[PDB]
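Next up: the same protein chain in two forms, each one alone, written as structure tokens (structure 1, then structure 2).
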Structure 1
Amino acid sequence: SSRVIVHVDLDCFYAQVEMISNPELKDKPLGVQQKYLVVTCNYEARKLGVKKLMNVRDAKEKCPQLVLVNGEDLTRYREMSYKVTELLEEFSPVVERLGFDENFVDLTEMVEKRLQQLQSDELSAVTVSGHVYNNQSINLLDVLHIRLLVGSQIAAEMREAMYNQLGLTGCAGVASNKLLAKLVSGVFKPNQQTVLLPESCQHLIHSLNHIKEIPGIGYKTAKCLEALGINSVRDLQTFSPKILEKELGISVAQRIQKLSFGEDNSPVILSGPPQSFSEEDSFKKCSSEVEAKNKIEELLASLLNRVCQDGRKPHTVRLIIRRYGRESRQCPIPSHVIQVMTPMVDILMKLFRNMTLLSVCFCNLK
């Protein structure tokens, strides 16, 4: 029943991809911006004081030289993101993506095949690769320690390969479920890896400073938990099941409470090809509601070649908006047109009618 999961987390992904593109930014502190924000930056930059999501001022002006590169167009990041997942799929087919820069891989079957291959004696020579969370001592007679170490060796091989084959660095964490792998992958932040032995599972989970830090608990649940006095992970562990059950629902409640103990039985799901392709433009009020339809052909133009590219074709289109909350108009894509721009353009137009930012989404792929 016990698993060996790895979580692979790429350092400052977009900046890595931009530094690979213009090398002259290698030494230089680098910010990737979209609109007014520095959504990410390389280490130099971060060191000289910057954070994911500061103002191109509160941050340019917080610092020198700061090179800015525009990262509005996600295309290259999205391609590199899939190169990484495909590489990890080669290790073990079941890989789950979480945004463009994180992947979970279930290493359970692969660890077991390795251990079977190892003869009677070299098993005592199995070592760790990377850090051991909390500096915990290994016990070579613990079968679970031996699996998690083999799991740290797969992880180092994945990271070596992502570096040798794609030029990317990244962190990894090995643990017995997704929550823990993800919590432990960032303990040694830059381009390193860590492995979580079971005896340190409470230490990790209690190293959190707020339940918002638990993946699975977002902006809302957190605000609600607060309203009940629950603030630390230990308040959530000890809070009353009932009262919680009867406030967040049995589902929400009885899952987030297991999380608070480090227990998480959710499988790593095979993500495979994406379920949708969309594009977007912000513009703090810039749609006169009228003129701004040209932005609509915009988005289509890019999308169409993406949607094409795939093979698979979309059976639904959808349009989305915001106001000086979002709204969406869903609709089937007419038969024969799947098989160019011009028809589409006008399906999207009336959709527009039936209704600070705009988007087209192509979904329901077949």
Structure 2
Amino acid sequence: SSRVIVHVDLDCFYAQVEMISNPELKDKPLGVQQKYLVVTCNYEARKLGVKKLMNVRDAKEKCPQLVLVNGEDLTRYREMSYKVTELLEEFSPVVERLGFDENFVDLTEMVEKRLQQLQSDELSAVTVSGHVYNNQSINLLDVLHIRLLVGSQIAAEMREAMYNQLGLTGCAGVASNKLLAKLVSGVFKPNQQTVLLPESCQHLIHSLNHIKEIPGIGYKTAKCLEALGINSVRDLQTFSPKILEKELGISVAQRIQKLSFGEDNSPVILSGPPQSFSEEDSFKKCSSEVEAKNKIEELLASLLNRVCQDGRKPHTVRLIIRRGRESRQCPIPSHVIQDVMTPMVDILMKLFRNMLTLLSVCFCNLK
């Protein structure tokens, strides 16, 4: 029942893609901006103090030299994202996408195969690729250390192939479940990998400074927990399972408390093709008229290109607006499944009439 999981986490993905386009952008600090927010920056910029999602002003304050670059159109990032997932699917088919720049792979079946092909004398010659978390000592007769080290060898092969075949650097973390692989992938953060041996699991989770930092524990469950006096990982570990049950639920409770201990039995899901296709347009209260139809015609403009090129067809469209958000959705008529936009704009226009700073159209329920 042992598992070997790798978390692959590309460095400043958007920046990497832009720096590939215009090679001149390298060397100097680089921000990728979405409206008034630098969402991503290359290492240089990050050394100068440009932080994740920093105002284009505060960016130009710690870093007047910034060479900013617009990244509101995610097409090129989305395409490279899937080129990376597909490269990893070639290693082992079971790859889970988390956002655009992170992937989980279950290396278990693959690690086991590489061992039965390996020979007796090799077992002692097994080496780690990259760092070992907390410099922990390897025990070459621990079957679990050997598998995690083979896992680190596969992880380094993936990272080498991502660079060689797509020009992308990134980090990797090798552990026995998704939680720990993701928590250890970032220990050595620029284009490196780390492997976690079980004896250091507690050191790793306790290296966190607030249950905020546990993936699966967002703002809501965080502030909720902070209202029970739970703040450190150890607090959540020792807190009453009972009060937690009745406070957050039976679902949230035991999952969160197990994450507290480094436990995470959740399987690596095959992400396969997307379950949805959305696009967003925000503006300085630019919508209060039939302009919404010029936008929406534009949002949907590029989508129909996307949702078509995919192959499958959506059987539901949705329209989203900001003024918390609201949505009104409807099934896509059969006739409209196969010129469109005359019929589709109309669909979403009446969805729009039923219901302005944001505006989005999402194609979902694909078949």
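Shifts are known only where both forms have a C-alpha. Here, a residue number simply tells you its place in the sequence of structure 1, counted from 1. Each form is matched to the other, and the largest set of C-alpha atoms that superpose within 1.5 Å is called the rigid core.
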{"property": "Which of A292, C224, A161, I250 is displaced between structures 1 and 2 by 2 angstroms or more at its C-alpha, rigid core aligned", "result": "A292"}
{"property": "Core-referenced Cα shift (Å), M110, between structures 1 and 2", "result": "0.2"}
{"property": "Per-residue CA shift, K26 (Å; core superposed between structures 1 and 2)", "result": "1.1"}
{"property": "Structural rearrangement between structures 1 and 2, runs of 3 or more with C-alpha shift of 2 angstroms or more, core superposed", "result": "284 to 286, 289 to 293"}
